[PDB]
Structures are given as C-alpha cells and as structure tokens.
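Heads up, the chain below is alone and in the form deposited in one PDB entry; it's given as structure tokens.
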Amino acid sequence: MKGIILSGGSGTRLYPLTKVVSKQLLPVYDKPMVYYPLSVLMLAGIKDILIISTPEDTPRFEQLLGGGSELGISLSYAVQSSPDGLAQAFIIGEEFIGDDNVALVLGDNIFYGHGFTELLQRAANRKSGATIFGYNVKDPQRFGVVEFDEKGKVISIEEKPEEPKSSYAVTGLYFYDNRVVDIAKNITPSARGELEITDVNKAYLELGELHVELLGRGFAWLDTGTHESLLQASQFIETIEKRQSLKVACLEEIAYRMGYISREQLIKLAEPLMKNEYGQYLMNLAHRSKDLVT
C-alpha cells in the first residue's frame, strides 16, 4: 500500500501564521503538525509515501523530512499548483500510485488513541473498496457526514449537509483500492470549486463498496483549523506527553519500534540531537533493553 499526505492549501483561516509558514509546519505542542499524520501512515505499515504541497512549501517539507532513508522508508514529493480539492491528490499522485492501493491522510489531521494502529493495519489489509473513519463531533454540518445502519453499513454520505443525517463526521484519513485514481478523474467540481473526497466516497457507495470504521469516544480526532483549535490540540498533546515517559508521533522512535531502522542507526540519528531533549529521548530509547522496548 502506498500513502499520500495532502499538505497544501493556503491556511487562510490561520492568517497571519500562514503568511510565510505552511500550516502543516506549525507546532502541535512540540513537533511540526505534519509529523502526526506521517506517524499514522508509518504505524499503518505504509513505507512508500508521497507528500503533496504548494509550489512554495513543498521544498520546505522536503528540507524537514528528506527522502525517508533516515527512517527506513521512502518519501517523495509533488506540487499541487492550486488547491483544487482533496481528490486531486490521486491525480497528482497517479504515477506514484501505479497499480497499488493507496491511503490518503490530510496533513492537518491529528488522530490519537489506544488501538488506532490495529484499525489502520486492518484498513491497510483490506484489498477491496474504500474505508473511511467516522467520529462523533459536535457540529457535523462542518464536515462530510456518514449515515450508517444498525450493522454499520453505510446508508449515505454528504458533504457539509444543512440537515445532517447523523452526528458522525468523515475524518481526514481514507483508504482506497486502485480504482480511486479513475474515480478521481471522473468527478467534477462542487459549488465551492473543488474535487471532493465525498464524491470519491459516493462513487464507492454506489458500488456498495464504501466501508466505515467508527472511531469511538475514547479516540481524539483533532484538526488544527483555527487559532483556537490549534492551541487546543497543542494543549492536548502536552497533557499526554507530560504525564508519560513516551512521546506521540516521534518519527525516529516509530521507525525503530517498527524495525525499519536498527539500534545502531537510531544512535546515529540521536547523536546530532543530543544538544536537545528530543535527541536525549531517542538515545534513551536506543540504549533501552530490547525486552523492555517490546
């Protein structure tokens, strides 16, 4: 499975934060926002990942993350010249996808909770259809809204409905089989002038092949849409990390835990960062007994 992080857009709502910085390089507490959705794909077992951003910002993501070899993965980059919609990811990414199945995650979405990896790995395992993730939000009209029956079968999906049919938003993580690329080429722009992921999902729903995993109330799903919500997301991650000996979305740690890189390789990453707490954390992990790490 391949993965794509869609990490463009103007971040209009966060102005002036986004005048000269990409929204997905802004902090969520202690790390750039993009580390969080990247860590999600990594934990899904996805090792071939394309990062899409603006003509100005794409070089900066590449400066941040590099080609992935440090992390035992492959990262590639592509430019979206104008933010013409989520579903344009599969058009830009057509050559990258090839014949493979693909997951899309939004560069501004933060998922957190116990058992998430197991849901991701199950979605990544599922060779046919589309899997989307529903979450009970306060204002479902702000999002895509998925309506499901008593067995969790999808009945409808609607982008920002005036009268929502459920309280479950469609979060910014989507798993598709290879049909998605041709689907994306055949949808047309909405009233807001975008190629809509909801219309990709509706194509799968027409075929009876849209599947929803519901993320229950024990999961946290944030987006970093506004100044307020961004600060809230930071506060949430700070609470979790302050209490624990473990970090969230520490990419090098995940590379090591997933066996993508060795203890020796992790030491080599930690060395030039020993001047800071992040390096120290990595070095403590690399020297930790292999039994304790398991």
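Residues that one form lacks are left out of the comparison. Counting begins at 1, following the sequence as shown. Note that the rigid core is defined as the largest set of C-alphas that superpose within 1.5 Å between two forms.
Note that the form deposited in another entry isn't included here; everything after this is about it.
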| property | result |
| --- | --- |
| Rigid core superposed: residue 98 CA moves 2 Å or more between this form and the one not shown | no |
| Large Cα move at residue 115 between this form and the one not shown, threshold 2 Å, rigid core | no |
| Once both forms are overlaid on the core, stretches between this form and the one not shown of 3 or more residues with C-alpha shifts of 2 Å or more | 191 to 193, 244 to 246, 275 to 277 |
